[PDB]
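Undergrad: Below is a structure I'd like to ask you about.
Every number in this text was worked out from the coordinates using simple rules, so none of it is lab data.
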Amino acid sequence: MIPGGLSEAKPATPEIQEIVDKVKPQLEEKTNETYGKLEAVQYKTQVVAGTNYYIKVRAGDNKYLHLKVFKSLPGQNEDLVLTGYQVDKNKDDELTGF
C-alpha cells in the first residue's frame with residue numbers, strides 16, 4: 001500500500017536523482033550495485049495545497065531511501081514541508097508499482 005507514487009511518477013529524474021547525489025552522496029554510491037539503482041528511484045507529483053511530491057530515492061537493489069517533497073501552501077502559505085525523508089540500508093525498502 002506504499003508504492004513509488006505510481007500513476008503520476010517517473011523513474012529517477014535528472015533532478016530527483018541529483019537529490020540522491022546531494023544529501024545522499026553515500027547512499028548514492030554505497031550500494032555500488034552493478035545496475036542502475038545508485039540514484040533517485042522516482043518522484044510522483046500530486047497537489048494537496050502547495051503541490052505534494054513523493055521522492056522515493058533508489059539506493060540499489062538492497063539499499064533504498066525515500067522522501068516526500070512538499071511546497072506547503074494551503075492558502076495560509078506556511079513555508080514548505082517534507083512528510084517524506086529516509087536513509088537506506090534495506091530500511092525504507094518496499095515493493096513498488098512502477
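Undergrad: GNM on the chain, C-alpha springs below 10 Å: top fluctuator among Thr34, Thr13, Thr51?
TA: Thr34
Undergrad: Next up: From the P(r) of the chain, could you give the percentage of C-alpha pairs in the tail past 17 Å?
TA: The answer is 47 percent, as a whole percent.
Undergrad: With a ≥ b ≥ c taken as the square roots of the eigenvalues of the C-alpha gyration tensor of the stretch 24-71, please select rounded if a/c is under 1.5 and otherwise prolate if a/b is larger than b/c or oblate if it is not?
TA: Since a/c reaches 1.5 and a/b is larger than b/c, the shape of the stretch 24-71 is classed as prolate.
Undergrad: Another question about this same structure. Looking at this model, which pairs from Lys10/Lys37; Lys22/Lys68; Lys30/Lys71 are more than 20 angstrom apart at the alpha-carbon?
TA: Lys30/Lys71
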